[PDB]
Amino acid sequence: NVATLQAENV
Amino acid sequence: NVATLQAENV
Amino acid sequence: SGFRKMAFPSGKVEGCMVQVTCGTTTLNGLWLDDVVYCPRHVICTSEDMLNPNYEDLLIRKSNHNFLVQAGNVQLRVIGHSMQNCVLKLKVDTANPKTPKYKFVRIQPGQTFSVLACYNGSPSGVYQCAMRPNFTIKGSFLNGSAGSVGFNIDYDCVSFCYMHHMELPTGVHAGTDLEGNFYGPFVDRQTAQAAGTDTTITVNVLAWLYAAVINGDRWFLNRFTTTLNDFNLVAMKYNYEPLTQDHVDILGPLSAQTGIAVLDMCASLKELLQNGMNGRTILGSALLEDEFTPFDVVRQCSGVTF
Amino acid sequence: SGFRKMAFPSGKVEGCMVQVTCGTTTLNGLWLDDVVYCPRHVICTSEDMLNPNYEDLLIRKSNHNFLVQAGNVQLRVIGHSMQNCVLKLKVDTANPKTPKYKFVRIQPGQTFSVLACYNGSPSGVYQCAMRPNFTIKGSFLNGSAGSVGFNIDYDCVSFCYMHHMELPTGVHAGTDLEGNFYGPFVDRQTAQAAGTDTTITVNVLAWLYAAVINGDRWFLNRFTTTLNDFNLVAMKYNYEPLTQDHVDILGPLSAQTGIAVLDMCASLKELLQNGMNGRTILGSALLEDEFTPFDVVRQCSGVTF
């Protein structure tokens, strides 16, 4: 349950 | 209580 | 994560919007190649909108009666003709910002993005659905006719709607880009009513799968149902009947979450018979029906254009 | 008539979106003039995101480590530097589609439009609000960082947000265009929680005036109240306190409908103490708080750009 840095693809 | 043709300005 | 009413990027459509003035009447036009498309009631005066004969009104006009403005430049009209309820104004210049486009007509329950415009200038963009009674619950003021609804696939803009009028109930009516109205509405300022609307059931289930994907599972239950027992409850709550094709369309979302469609239908059955009891799904207290299964897959998989 | 979550036209912002790759990490960048702005965790590896020192990570990199792509063209990076949490990549070409723009920082309760992007390509546009806990309830997946929030006034794009991360609760955090985070969030993949959120009261009243403008008046009552008696009830229901400036901001909508603000506050008091009792306001069962007073005036008066 930690934050997510939203990089890479998709 | 009739329909409105939505032309002219604004 | 997260789920919002997301509209398509409007840049491609913005470059095709012009202002069409005829007399004291003005509205928005769609400029693709050397043709400008606009609703035909631009040739109407305020006193000529109760019972207008557009065939008579149009032959009473010349090319010079149509003021077409693209920004500062005034487009020269060199041809005019009527196609059902739209006007095709041939101009001497092809729109250099013309994208790969299509003219499609959508089915009730399908969604699209609206670029509300006034005087040819875009004012906002929002998402809409074609209601089962062929109306749309939009946001339109006087002078918004000629605004278009559209979808985008890859590079191609699929134009599917053009705005025309507002019904007395506040809902709006319009045509496809060939000028054929959606539903039994005519472009006269007369008393007109839409058929009673129903809830798009397959969209509610798709929106329920969107909630499961984003961690909202409080409505799930161990129970299942058959397509016939669910449809008997859907009819009582003014929901559209669920077909086997609907169950097949929801296939991807069903496998991605591991929830069978008929199992999800049992959750909808309970929500319809018991309500939500102060709870919310995806930040809403009502069952949302303006998200197609493709809309959910698009938002939750990050498809770009 | 009608009221929707309407976002600004995204065309001006679409022309400034690029893809920034550094190593195996890629995200979206904002290209204005000869500078590309992107979140700084693009210089991070998957194993270097729990406790990263961006000062060390950045001096470990050269200009040739940054792959900047604008469509098919690869932009040549000729300078790089850090500004708090964003990266400024100087490139040899100025963006020819650069609009008149601004870098502003907004207050909690203000709204803006988000252009969610992936690999530099726009995927959708929706409306958002800066929550009182400095989070936003967005729709973002992996690879969406670098997407920007913005408002548009006349011809000027006021950039006010850049996307960075998603909190464990599903809400999202980010910075202004100078790289300063909104709220007490840092760009580390660590356990982080936002402060408890509250309802933006002045927005709910503005949304109530939008309902009155569109024929929804079932919640109106003959009663009035004082600012102090209303705020005592607002605090009990986790609403923000209403200030005299709020009453002054709601002035235009108050005079346009002939409903005093304190009279409208009495309707909100009743809705909070009694609920809606199966009713809906503007097609919603919840009191909407993501519409500023300007948002209502913009939608209901047809302001274009």
Side-chain angles (χ1 to χ4, degrees), chain B residues 1-7, chain C residues 13 17 20 22 25-30 32 35-44 48-58 80-89 101-117 126-151 157-198 200 240 290, chain D residues 1-2:
Chain B
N1 285 46
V2 307
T4 304
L5 304 176
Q6 272 165 323
Chain C
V13 180
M17 298 298 325
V20 176
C22 180
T25 307
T26 182
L27 50 85
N28 310 287
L30 194 62
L32 302 167
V35 185
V36 163
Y37 308 82
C38 70
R40 77 180 163 165
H41 66 262
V42 70
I43 70 193
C44 284
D48 230 326
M49 282 174 159
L50 168 70
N51 196 27
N53 189 278
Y54 295 93
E55 199 169 10
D56 276 346
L57 291 173
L58 189 62
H80 67 283
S81 87
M82 222 183 46
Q83 263 221 33
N84 311 288
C85 288
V86 290
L87 247 57
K88 295 174 64 173
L89 310 184
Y101 74 96
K102 262 177 225 165
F103 283 177
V104 330
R105 179 171 179 107
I106 60 163
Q107 284 300 309
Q110 301 197 276
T111 49
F112 55 97
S113 296
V114 172
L115 180 68
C117 300
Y126 52 84
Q127 195 74 359
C128 268
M130 188 42 85
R131 305 300 312 170
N133 67 358
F134 292 105
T135 59
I136 76 172
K137 308 205 136 260
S139 187
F140 291 118
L141 313 173
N142 289 180
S144 63
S147 308
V148 299
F150 62 95
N151 288 276
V157 173
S158 274
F159 290 107
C160 71
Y161 179 78
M162 185 177 256
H163 181 49
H164 278 251
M165 63 202 270
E166 176 174 304
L167 293 185
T169 52
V171 301
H172 302 90
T175 75
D176 51 43
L177 267 300
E178 307 284 1
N180 300 298
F181 255 95
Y182 286 102
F185 316 116
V186 292
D187 40 342
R188 326 169 182 139
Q189 305 215 149
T190 183
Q192 285 177 83
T196 57
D197 207 14
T198 49
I200 310 145
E240 289 287 305
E290 303 225 344
Chain D
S1 305

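Per chain, numbering begins at 1; letters A, B, ... match sequence-line order. Side-chain atoms are counted along with the backbone in the values below, which use heavy atoms only and exclude waters and symmetry mates.
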Any side-chain heavy atom of C/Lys137 within less than 4.5 Å of one from C/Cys128? no
Under the 3.5 angstrom rule, does the side chain of C/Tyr182 hit a backbone N or O of C/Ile106 as a donor-acceptor pair? yes
From C/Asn142 CG over to C/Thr26 OG1, what is the distance, rounded to the nearest 0.5 angstrom? 12.0 Å
Quick one: closest heavy-atom pair of C/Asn151 and C/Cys160, and the distance? ND2-SG, 4.1 Å
Taking C/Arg105 for the side chain and C/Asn180 for the main chain, is one N or O donor matched with an acceptor at less than 3.5 Å? yes
Show the nearest heavy-atom pair for residues C/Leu27 and C/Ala145, with the distance to one decimal. CB-O, 3.4 Å
Please step through side chain to side chain contact (heavy atoms under 4.5 Å, CB included) for the pair C/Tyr37 and C/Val148, ending with a clear verdict. CA-CA 10 Å; C/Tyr37 308 82; C/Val148 299; over 6 Å; no
Evaluate C/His80 against C/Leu87 for side chain to side chain contact (heavy atoms under 4.5 Å, CB included), listing each step before the verdict. CA-CA 7 Å; C/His80 67 283; C/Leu87 247 57; 6.0 Å; no
Indicate yes or no for a side-chain donor-acceptor contact from C/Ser139 to the backbone of D/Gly2 under 3.5 Å, with no hydrogens or angles considered. yes
Look at atom CG of C/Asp56 and say whether more than 12 heavy atoms of other residues, nucleotides or ligands are closer to it than 6.0 Å. yes
Tell me, do C/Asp48 and C/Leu57 make a side-chain contact under 4.5 Å, heavy atoms counted? yes
Taking every heavy atom of C/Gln189 against every heavy atom of B/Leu5, the minimum-distance pair comes out as OE1-N, 2.7 Å
List the steps and the verdict of side chain to side chain contact (heavy atoms under 4.5 Å, CB included) for C/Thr169 and C/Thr135. CA-CA 11 Å; C/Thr169 52; C/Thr135 59; over 6 Å; no
Exercise: do D/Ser1 and C/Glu166 side chains pair donor with acceptor under 3.5 Å: yes
Can you check whether B/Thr4 reaches C/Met165 side chain to side chain, under 4.5 Å on heavy atoms? no
Is the backbone N or O of C/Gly195 less than 3.5 Å from a side-chain atom of C/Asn133, with the two atoms forming a donor-acceptor pair by type? yes
Between C/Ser147 and C/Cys117, is there a donor-acceptor pair closer than 3.5 Å when you use the side chain of the first and the backbone of the second? yes
With a 3.5 Å distance limit and no angle check, can you tell me whether C/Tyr54 reaches the backbone of C/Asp187 through a side-chain donor-acceptor pair? yes
So CG of C/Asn84 and CD of C/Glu178: to nearest 0.5 Å the spacing works out to 8.0 Å
Is there a ring-ring contact (aromatic ring centres under 6.0 Å, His included) between C/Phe103 and C/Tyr101? Walk through the geometry before answering. CA-CA 7 Å; C/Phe103 283 177; C/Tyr101 74 96; 5.1 Å; yes
To the nearest 0.5 angstrom, please state how far the CZ atom of C/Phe181 sits from the SG atom of C/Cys85. 5.0 Å
Quick one: are C/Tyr126 and C/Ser113 in side-chain contact, heavy atoms under 4.5 Å? no
Locate the shortest heavy-atom distance separating C/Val20 from C/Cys38; write the atom from each residue and the value. CG1-SG, 4.0 Å
Contact summary for C/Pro184 and C/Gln192, nearest pair of heavy atoms: O-OE1, 4.1 Å
Could you tell me how the ring of C/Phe140 sits relative to the ring of C/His163: parallel (under 30°), tilted (30 to 60°) or perpendicular (over 60°)? parallel
Write down the atom of C/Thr111, the atom of C/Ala129, and the distance for their closest heavy-atom approach. CG2-CB, 3.8 Å
Output for pair (C/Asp176 CG, C/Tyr161 OH), nearest 0.5 Å, gives 11.0 Å
Sub-4.5 Å side-chain heavy-atom contact between C/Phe150 and C/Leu115: yes
Taking the side chain as every heavy atom from C-beta outward, state whether C/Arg131 and C/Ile136 have any atom pair closer than 4.5 Å. no
Is there side-chain contact between C/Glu290 and C/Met130, with heavy atoms separated by less than 4.5 Å? no
Within the 3.5 Å criterion, strictly below it, is a donor on C/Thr175 or C/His164 matched to an acceptor on the partner's side chain? yes
Check whether any side-chain heavy atom of C/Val157 sits under 4.5 Å from a side-chain heavy atom of C/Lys102, and report yes or no. no
Distance from C/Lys88 atom NZ to C/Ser81 atom OG, nearest 0.5 Å? 5.5 Å
Sequence neighbours left out, what passes salt bridge (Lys or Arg N to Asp or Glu O under 4.0 Å) with C/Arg188? Give chain and number order. none
Can you tell me how far the CG atom of B/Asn1 sits from the CG atom of C/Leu167, to the nearest 0.5 Å? 12.0 Å
